[PDB]
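So the structure is just underneath, and the comments pick up after that.
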Amino acid sequence: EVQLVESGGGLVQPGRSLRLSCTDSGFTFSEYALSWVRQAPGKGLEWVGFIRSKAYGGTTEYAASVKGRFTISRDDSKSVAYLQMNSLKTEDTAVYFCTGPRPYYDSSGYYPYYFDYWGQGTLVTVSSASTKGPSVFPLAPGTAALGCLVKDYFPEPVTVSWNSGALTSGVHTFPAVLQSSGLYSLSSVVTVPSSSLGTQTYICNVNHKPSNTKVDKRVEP
Amino acid sequence: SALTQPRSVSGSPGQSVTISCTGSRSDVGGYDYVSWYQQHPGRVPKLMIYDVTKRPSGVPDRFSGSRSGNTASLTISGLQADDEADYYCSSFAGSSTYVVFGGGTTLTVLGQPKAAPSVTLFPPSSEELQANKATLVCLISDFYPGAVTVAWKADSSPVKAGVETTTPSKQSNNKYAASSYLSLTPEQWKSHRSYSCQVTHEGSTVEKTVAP
Amino acid sequence: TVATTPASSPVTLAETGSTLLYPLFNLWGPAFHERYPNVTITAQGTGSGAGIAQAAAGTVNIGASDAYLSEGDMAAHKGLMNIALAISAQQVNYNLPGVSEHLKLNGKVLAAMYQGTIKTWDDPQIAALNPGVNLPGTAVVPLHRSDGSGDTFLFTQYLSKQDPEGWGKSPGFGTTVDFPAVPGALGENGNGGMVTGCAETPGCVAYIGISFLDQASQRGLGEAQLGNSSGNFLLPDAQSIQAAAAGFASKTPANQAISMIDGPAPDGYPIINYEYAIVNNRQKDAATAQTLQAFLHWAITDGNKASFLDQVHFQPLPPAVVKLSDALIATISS
């Protein structure tokens, strides 16, 4: 009944602000308290804050580590909540999740007892480095391995699909390498039958939203 | 950090493991709102236990929650391969702190078999070369356990300059993946008969070679 | 035909029992004695358990009880009846000095407090009924009565009726109840013991008869608004108690044994009750029977004037129930 999708993540300079949004495509958004939980890369879960339902005053609570800097708002008319983040510090770098509860003790609007529903998360990078879109290069090929090289980008994340997502079987998108220059590089490789190579078009679709880079590259033998 | 869990937990297939979560009368021992989340690598957390001992619909009975005093424990019986994950405890902590989490526990299942890495080495593309750059890409996948050493060769000689290798990361099949990049100028690329990526895993080396 | 005048020869009516009724009975007795100085009336606060027990054994003429007789009581002591004299009520008091609001509570939340699953006063289950109230992190200390008590009966009936699958299954209701041994729970003797025990430790919660509300307020105890079955939260006052009793006015049976706990009136306070005289059919002689008839009949007519009942926050019997009470009084013989 709850389907959450965060947006708005990306690159922000220390000391500046960034607002995230969480939307429910279900019909019960006004019925529960909306929470934010974050997770710095490789680290644990940390509760950020929540905002109560309007039946309980629509009031907010925040972790000590973000109180005074972060504000949560909700707009029930659009089934959306917001996380406003001021005076950001590098230690705020994290994947930010929005979470929702099922009904508990007839009061999930007053306190989100448990986090039944999670968004996919949106990565916020607080850093002074400037954004940089990637170069994308084809990695030309029983089975055959072909791929795409996604070179020299900042910050994370980059998304790669193949054939607008019609090809998922045999896709391996590897974790990025952080090189000494401070730029990331990544490779996505798809395994296909050798028969396919002369009859099937293989295109990789690369998206680096922080720099508005969207690239499609055909990979041929 | 606010609740303390053991950093690491391990058990053999079919056995049990218990993950502890020690708090205080102000959280774990002060209410009955203790929960446990399971997080596989690169996925969102999933609620496994709530109200100290209850399981959401879907969660199997082999996941058991209990509590003694200010310490809650999660118990996982009949361990399977797919139990390998992080586990987080959580609790209400009063009307000032509200929600606290444990630091999280990585579960290892003990019996898994050795798996040699699959290695794939791509040469620089014509398009990168036309851009006056050259990267060799060594992709390493499906090895277990998750530790590999990577050596590059320029013809007969070791290189170790322009090499950048990732940490190993857990794949969805519980094997591990890594990647290594060797960045060269086109002149360097053309000036050697061959380049090799050598992947050493538990004392056994897999090597792939490419030539200009 | 009920006697309205007592005998003129010397007669002693001995009373004991309900501490909820005691402050009112200690006004009735002296007033009736003033009008009929041959009638000696002694009273005592000992709990509805002792009132039933002593009236059944015949050591007193009147046992005072906030609880009607069980079918097990009526099967153990025939002649014994429960005669409604007035309508009382019970509040939930608590010791939270930093809290100025009348906290809203209901039976399910209170059941969880007396069962030990809600242990802290800022538990979301409590805070959710009180949005906009700052609650402390104080440990809940649930107080119960140590003696057989009509107040226990009413409070555990409220828990049983509003939490039938939980408290209603165990430990249920009664003048004595096996209260869960939550860490820190205490037992007290009488409504007076509940007041002073509640006032002694912050975080205490206690069920206390409305004739002790003034004392509880003087000692700084908060007073809860309790939820009824219609979803509304109310303080016990003249109007909320009246509204609760009014629907049960036509349903009160001939023997007057009826629970008015947790009624369906949306403006009804959920913990109200008849104050009962537990008396036997047979007295020792014609003079005692006549005189006991006259006191009881006086108590439900002159003794129900607001000048008496307002002192203890009770409400008068409705006219149809006075008829039922007189019917039982008129059977007292020798």
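Laid out as a table, the results:
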{"read-out": "Condition met for B:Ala177 (more than 21 Å from A:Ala145 (Cα to Cα) and either within 13 Å of another protein chain (Cβ to nearest Cβ) or of a type outside the set (D, E, K, R) (or both))", "value": "no"}
{"read-out": "Qualifying residues in segment A:150-167 (those that are within 21 Å of the chain's Cα centre (by Cα) and closer than 11 Å to A:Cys204 by Cα) - the one farthest from the other protein chains (Cβ to nearest Cβ)", "value": "A:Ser164"}
{"read-out": "Residue count, segment A:113-129 (criterion: polar (S, T, N, Q) and either at the interface with chain B (Cβ under 10 Å from one of its Cβ atoms) or at positive phi (or both))", "value": "1"}
{"read-out": "Among residues of segment B:94-108, those that are assigned to a helix (DSSP H, G or I) and within 8 Å of chain A (Cβ to nearest Cβ), counted", "value": "1"}
{"read-out": "Residues of segment C:178-224 classified as assigned to a loop (DSSP other than H, G, I, E, B), farther than 15 Å from C:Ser18 by Cβ and in contact with a strand residue (DSSP E or B) (Cβ under 8 Å, 6 or more places away or on another chain), total", "value": "8"}
{"read-out": "Boolean, A:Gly147 is within 14 Å of another protein chain (Cβ to nearest Cβ), within 30 Å of A:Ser194 (Cβ to Cβ), surrounded by fewer than 17 Cβ atoms within 10 Å (Cβ to Cβ) and not basic (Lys, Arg)", "value": "no"}
{"read-out": "All positions within segment B:11-34 that are surrounded by fewer than 18 Cβ atoms within 10 Å (Cβ to Cβ) and among the charged types (D, E, K, R)", "value": "B:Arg25"}
{"read-out": "Residue match in segment A:134-141 (condition: within 30 Å of C:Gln125 (Cβ to Cβ) and crowded, with 22+ Cβ neighbours inside 10 Å)", "value": "no"}
{"read-out": "Helices (runs of 4 or more DSSP H) contained entirely in segment C:265-334, each with at least 2 residues that are closer than 18 Å to C:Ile83 by Cα and of a type in the set (D, E, K, R)", "value": "C:319-329"}
{"read-out": "Residue under evaluation A:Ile72, criteria (1) farther than 23 Å from B:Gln39 by Cα; (2) of a type outside the set (D, E, K, R); (3) surrounded by 16 or more Cβ atoms within 10 Å (Cβ to Cβ); (4) in contact with a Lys or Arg (Cβ under 8 Å, 6 or more places away or on another chain), criterion not met", "value": "(4)"}
{"read-out": "Qualifying residues in segment A:168-194 (those that are outside any strand (DSSP E or B) and at the interface with chain B (Cβ under 10 Å from one of its Cβ atoms)) - the one surrounded by the fewest Cβ atoms within 10 Å (Cβ to Cβ)", "value": "A:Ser180"}
{"read-out": "Pair list, Cβ < 8 Å and 6+ apart or interchain, from segment C:246-262 residues that are at positive phi to residues that are assigned to a loop (DSSP other than H, G, I, E, B)", "value": "C:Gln256/C:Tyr68; C:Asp262/C:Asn228; C:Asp262/C:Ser229; C:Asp262/C:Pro270; C:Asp262/C:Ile271"}
{"read-out": "Filter pass, A:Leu197 being part of a helix (DSSP H, G or I) and touching a strand residue (DSSP E or B) at 6+ places or on another chain (Cβ under 8 Å)", "value": "yes"}
{"read-out": "Options A:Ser130, A:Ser108; residue that is assigned to a loop (DSSP other than H, G, I, E, B), surrounded by fewer than 23 Cβ atoms within 10 Å (Cβ to Cβ) and not aliphatic (A, V, I, L, M)", "value": "A:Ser130"}
{"read-out": "Residue among B:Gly146, B:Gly111 that alone is more than 10 Å from every other protein chain (Cβ to nearest Cβ), surrounded by 15 or more Cβ atoms within 10 Å (Cβ to Cβ), under 20 Å from the mean Cα position of the chain (by Cα) and assigned to a loop (DSSP other than H, G, I, E, B)", "value": "B:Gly146"}
{"read-out": "Elements of type strands (runs of 3 or more DSSP E) in segment B:20-92, at least 3 residues being more than 10 Å from chain A (Cβ to nearest Cβ) and either small (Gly, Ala, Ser) or more than 23 Å from C:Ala112 (Cβ to Cβ) (or both)", "value": "B:63-68, B:71-76"}
{"read-out": "Condition check for C:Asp122: away from chain A (no Cβ under 14 Å) and touching a helix residue (DSSP H, G or I) at 6+ places or on another chain (Cβ under 7 Å)", "value": "no"}
{"read-out": "Those residues of segment C:108-117 which are more than 10 Å from chain A (Cβ to nearest Cβ), of a type outside the set (S, T, N, Q) and out of contact with any strand residue (DSSP E or B) (no Cβ under 6 Å at 6 or more places or on another chain), in sequence order", "value": "C:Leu110, C:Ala111, C:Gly116"}
{"read-out": "Given (1) of a type in the set (D, E, K, R); (2) away from every other protein chain (no Cβ under 12 Å); (3) in contact with a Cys (Cβ under 6 Å, 6 or more places away or on another chain), number of the condition A:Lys132 does not satisfy", "value": "(3)"}
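Every read-out reported here was derived from the displayed coordinates using simple, explicitly stated rules and does not represent laboratory data. No Cβ is skipped: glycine too gets one built from the backbone with ideal geometry, and neighbour counts run over all protein chains shown.
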